[PDB]
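Read the structure below first, then the notes.
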Amino acid sequence: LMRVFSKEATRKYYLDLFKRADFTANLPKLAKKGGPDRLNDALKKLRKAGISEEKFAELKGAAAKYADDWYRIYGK
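Residue 72 in this note's numbering sits at position 72 of the sequence shown, and the numbers go up by one each step.
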């Protein structure tokens, strides 16, 4: 049960990364670390912490929009 709660905390942390990245105002601070795949990479760790196929597909799209937002301003 300690384990369950620990994984749940980790899961909610990554889910909240995606919520934070929804907002345009949060991109400049977010873009300082992890590059365009910052959210693509967190999604891999969320999939290990447990995610439904439906939520994965949603966040797969959000992670691609993050990359697009990142390239738009920081890309070569």
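Ideal Cβ placement from N, Cα and C applies to all residues, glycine included.
Can you tell me whether DSSP reads residue i as helix, strand or coil?
i          : result
residue 6  : helix
residue 61 : helix
residue 51 : coil
residue 76 : coil
Let me check you understand the geometry: is the CB of residue i closer than 7 Å to at least one non-hydrogen atom of the ligand NAP?
i          : result
residue 29 : This structure does not include the ligand NAP; it has no bound ligands of any sort.
Notebook entry, point to check: If you pair each beta-carbon of the segment 48-61 with each one of the segment 23-37, do three or more pairs fall below 8 Å?
Noted result: no
Worksheet entry | Complete runs of the alpha helix (DSSP H) confined to the segment 13-38 [at least 4 residues] | 27-30
Point to revise | Three-pair Cβ contact test at 8 Å for the segment 30-43 versus the segment 54-73 | key: yes
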